[PDB]
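[1] here is the input, now give the coordinates:
(3 chains)
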Amino acid sequence: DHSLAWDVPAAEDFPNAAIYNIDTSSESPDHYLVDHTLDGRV
Amino acid sequence: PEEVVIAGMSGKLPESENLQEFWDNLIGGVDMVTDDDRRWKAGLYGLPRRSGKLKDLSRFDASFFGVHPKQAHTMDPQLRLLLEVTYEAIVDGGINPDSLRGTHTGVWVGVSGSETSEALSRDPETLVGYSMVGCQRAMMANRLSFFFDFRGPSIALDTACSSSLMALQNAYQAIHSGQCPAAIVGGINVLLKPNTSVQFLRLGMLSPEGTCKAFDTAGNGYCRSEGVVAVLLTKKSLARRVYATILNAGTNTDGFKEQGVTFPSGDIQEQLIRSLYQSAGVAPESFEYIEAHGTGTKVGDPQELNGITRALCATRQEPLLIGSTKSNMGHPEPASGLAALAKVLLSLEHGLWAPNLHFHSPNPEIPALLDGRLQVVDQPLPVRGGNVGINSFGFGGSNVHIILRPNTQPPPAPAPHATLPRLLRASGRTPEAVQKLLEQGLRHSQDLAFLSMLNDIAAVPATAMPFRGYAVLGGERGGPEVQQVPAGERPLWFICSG
Amino acid sequence: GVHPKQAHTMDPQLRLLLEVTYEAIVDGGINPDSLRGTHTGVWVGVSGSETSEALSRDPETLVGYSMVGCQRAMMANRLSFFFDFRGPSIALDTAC
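    Residues are numbered from 1 along each chain as shown, chains lettered A, B, ... in the order given. Please see the structure below:
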């Protein structure tokens, strides 16, 4: 008995704002930001 | 050890709703790879315009298999079609499914995709828990065991495109050692996410023309296709219908290769073939037909064919027929083995070998084809008789090989009771199924075995199948009757006349 | 012997499993070379292919190496290929 219709995923169901992390640790590439100190704060 | 026999068979392949339609397409030379854009827009992301696609993925008799509307809507199409195909396969051999309930039957399923789980679980805010139960890859066999009440192992294997034959080999191992009185082997592959096709295109496997031209000089790549196939295995004492007997099934991995992970090594395949047919005690001459992998690649085909030539054609004086089911329906990755097995079994049953398409010239790198040692089936041929070999190789590096002995049981000689009228009873979800069974039984009134097997599968409680109908055969006043059986048990009273 | 581009597109499960398998073989006092060419088999039980779903989300920029390094079957075939194991190499899927 195949009278009904059941959901089947479509082509649009699958993949097809910007977040920037500022890490001042030694290994991180943004380390130079620790040299921008004003009033004794970074 | 105990004999293992392939009893049932069923599946839904490209442009083929059942096995009869699949065979009608195979013999007639119909091309089951289509250019229509059903799954996704044709030519998307540069993908080939062709692919072997099933006719419909949105039909499921939920009431029968105990799935509520919400659960059915959140179940993988693979699982729904696989439940239906499994019930079809178990009854194909004449075994009533309720006769295996509570036994030690096992379910081995070969699958390599779970796209539905990825699609349903994308939104964390509005997802449903029971989506996992119907989409988790482990549930592609656990659900079958749950419905059919099988106490044996329930596993799902990937095996990297050789999964169907891997599951078949594991089921053969289980039945051979007496652990499982039966086994349900199935393979399912459905194309839903174009990203996977893009990945395969990037790897350099798909063909720009979308054709799996195997054994040919213009082999570029294969055409991804869908497919659901389930096969029932049983010890010979249980099987009513025997399609064939598995003489030996094995496996082995190519191991390290200088070329890389995705380069086949024909020596390993030759070793597998030789070891299998030496352990099984079957001389190379007995082989009549070889179901090569036939992916249509530029490197895999020569290696596979040279390995086959060294393993089998070393001494035989008669040419060994070769062929691939992928020239007709493309290449279903997980279910490649089951499609080949279905083709071989149907060809044996109908007495002819299904021709292979897209074969015009032989690849110069294979000397066997240029010579007469190996002969490709470019047009229908009768079956002389002999063992049949099926081998499936995955791009990961896995290998599988099965040696099948065809079932050759001549029709019985006429008997005095043959002319006697017989009774046929049928049961179906709707009157259409009962009428179909009755009509088919009418068209074969003289086949006692067919009628008996149909009768064995007609004893289902009215709750599951609320329609019924009989048809007396061999009588002048012969006409089918159907009606809807009411629910509720009814006492059976007797009366003796005076 | 995994090139850097292939390494990045490789499932972390496989990356750790290679090392853990080598540590387990040597843990038993066996040299992983004496098993090379044998019919040793590999059985891996996995239930998640999250890495593949992440690497195949942008068809414009996705690379095809992720198929080899992130497929569920490759969680055993990679081990069989590196250690040169000729035995069965499957990837079971039953959960728990």
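
[2] what about residue B:71, neighbour count?
    15 (other CB atoms under 10 Å in any protein chain shown). Every C-beta, even on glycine, is put in place using the N, C-alpha and C of the backbone.

[3] now do the SS call for it.
    Following DSSP: H, G, I helix; E, B strand; the rest coil, residue B:71 is assigned to helix.

[4] and what of residue B:184?
    strand.

[5] in what helix or strand does the closest residue to it other than its chain neighbours lie?
    In space, and not counting its chain neighbours, residue B:184 is closest to residue B:107: 4.9 Å by CB to CB, 6 or more residues apart in numbering or on different chains. According to DSSP states H and E, residue B:107 maps onto strand B:106-111.

[6] kindly report the same for residue B:200.
    helix B:194-203.

[7] does chain A sit close to the helix or strand following that helix?
    Downstream of helix B:194-203, the first helix or strand assigned by DSSP H and E is strand B:227-235. No. Strand B:227-235 stays clear of chain A (CB under 8 Å from any CB of the partner chain), getting no nearer than 13.6 Å.

[8] so who does residue B:286 touch?
    Going by CB atoms under 8 Å, 6 or more residues apart in numbering or on different chains, residue B:286 touches B:386-387.

[9] Provide the strand pairings for the strand holding residue B:107, with the direction of each partner.
    In the sheet containing strand B:106-111, the strands it pairs with under DSSP bridges are strand B:154-157 (parallel), strand B:182-189 (parallel).

[10] so which bits of the stretch 151-300 of chain B are right by chain A?
    B:192-195.

[11] the residue in chain A that chain C sits nearest to: neighbour count?
    Scanning chain A for proximity to chain C using CB to the nearest CB identifies residue A:15 as nearest, at 3.8 Å. By the criterion of other CB under 10 Å, residue A:15 has 14 neighbours.

[12] now the spatially most central residue of chain A: how far from residue A:36?
    By CA atoms, centre = their mean, chain A has its centre lying nearest to residue A:19, at 5.2 Å. Going from residue A:19 to residue A:36 by CB to CB, to the nearest Å gives 21 Å.

[13] in the stretch 351-498 of chain B, which spans are helices?
    Secondary structure of the stretch 351-498 of chain B by DSSP state H, counting those that start in this stretch: the helices cover B:367-370, B:431-443, B:448-456.

[14] ok, and what's touching the first one?
    Meaning helix B:367-370. Applying CB under 8 Å, 6+ apart, the contact partners of helix B:367-370 are B:215, B:305-306, B:308-309, B:313, B:362-364, B:374, B:376.

[15] ok, and the closest non-adjacent residue to residue B:285?
    residue B:316 (5.1 Å).

[16] ramachandran coordinates for the one you found?
    phi -60, psi 140 (degrees, to the nearest 10).

[17] let me see the contact set for it.
    Contacts of residue B:316 (CB under 8 Å, 6+ apart): B:284-285, B:287, B:373.

[18] now secondary structure, distance to residue B:390 and neighbour count too, for these, in TSV please.
    As requested, the contacts of residue B:316 are exported to TSV (DSSP: H, G, I helix; E, B strand; the rest coil; distance: CB to CB, whole Å; neighbours: other CB atoms under 10 Å in any protein chain shown):
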residue	secondary structure	distance to residue B:390	neighbour count
B:284	helix	16	17
B:285	helix	19	14
B:287	strand	11	23
B:373	coil	20	20
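
[19] count the residues that sit near the residue nearest to residue B:302 when sequence neighbours are not counted.
    Leaving aside its chain neighbours, residue B:302 sits nearest to residue B:365 (4.2 Å; criterion: CB to CB, 6+ apart). Neighbours of residue B:365 under the rule other CB under 10 Å: 15.

[20] ok, residue B:365 to residue B:313 distance?
    Taken as CB to CB, the span from residue B:365 to residue B:313 is 16 Å.

[21] now do the contacts for the closest residue to chain C within the stretch 201-350 of chain B.
    Nearest residue of the stretch 201-350 of chain B to chain C: residue B:202, at 2.8 Å (CB to the nearest CB). Contact analysis of residue B:202 by CB under 8 Å, 6+ apart lists C:62-64, C:67.

[22] near chain C, which residues of chain A are found?
    Residues of chain A lying close to chain C (CB under 8 Å from any CB) are A:14-16.

[23] from those residues, which is closest to residue A:25?
    Nearest to residue A:25, judged by CB to CB, of the residues of chain A next to chain C is residue A:15 at 31.4 Å.

[24] centre of the chain to stretch B:75-92, how far?
    11 Å (CA atoms, centre = their mean, to the nearest Å).

[25] what's around residue B:177, how many residues?
    Going by other CB under 10 Å, the residues that sit close to residue B:177 add up to 10.

[26] show me the contacts for it.
    residue B:1.

[27] is residue B:274 in a helix, a strand, or coil?
    Per three-state DSSP, residue B:274 ends up helix.

[28] my bad, residue B:167
    helix.

[29] about what we covered before: same list, the contacts of residue B:202, but as CSV with distance to residue A:28 please.
    Listed next are the contacts of residue B:202 as CSV, based on distance: CB to CB, whole Å:
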residue, distance to residue A:28
C:62, 27
C:63, 26
C:64, 31
C:67, 32
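
[30] picking up where we left off before, how far away is the residue of chain A closest to chain C from residue B:40?
    Distance from residue A:15 to residue B:40, by CB to CB: 14 Å.

[31] could you do residue B:344 as well?
    32 Å.

[32] more neighbours, these two?
    residue B:344 (24 against 19).

[33] any figure for the gap between the more buried one and residue C:70?
    Distance from residue B:344 to residue C:70, counting by CB to CB: 34 Å.

[34] please apply the same query to residue B:269.
    Going from residue B:269 to residue C:70 by CB to CB gives 26 Å.

[35] with residue A:34 instead?
    Distance, residue A:34 to residue C:70, using CB to CB: 37 Å.

[36] over to residue B:191?
    Relative to residue C:70, and taking CB to CB, residue B:191 is found at 18 Å.

[37] before we move on, back to that, now secondary structure too, for the residues of chain A next to chain C, in TSV please.
    Below are the residues of chain A next to chain C laid out as TSV (three-state DSSP):
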residue	secondary structure
A:14	coil
A:15	coil
A:16	coil
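
[38] which parts of chain A are helices?
    Taking DSSP state H, chain A contains no helices at all.

[39] ok, which residues in it are in contact with chain B?
    Those residues of chain A that sit near chain B, judged by CB under 8 Å from any CB, are A:1-2, A:4-9, A:11, A:13-15.

[40] closest to residue A:24 out of these?
    Using CB to CB, residue A:15 is the member of the residues of chain A next to chain B that sits closest to residue A:24, with 32.4 Å.

[41] got a list of what that closest one touches?
    So residue A:15 contacts B:195, C:57-58 (CB under 8 Å, 6+ apart).
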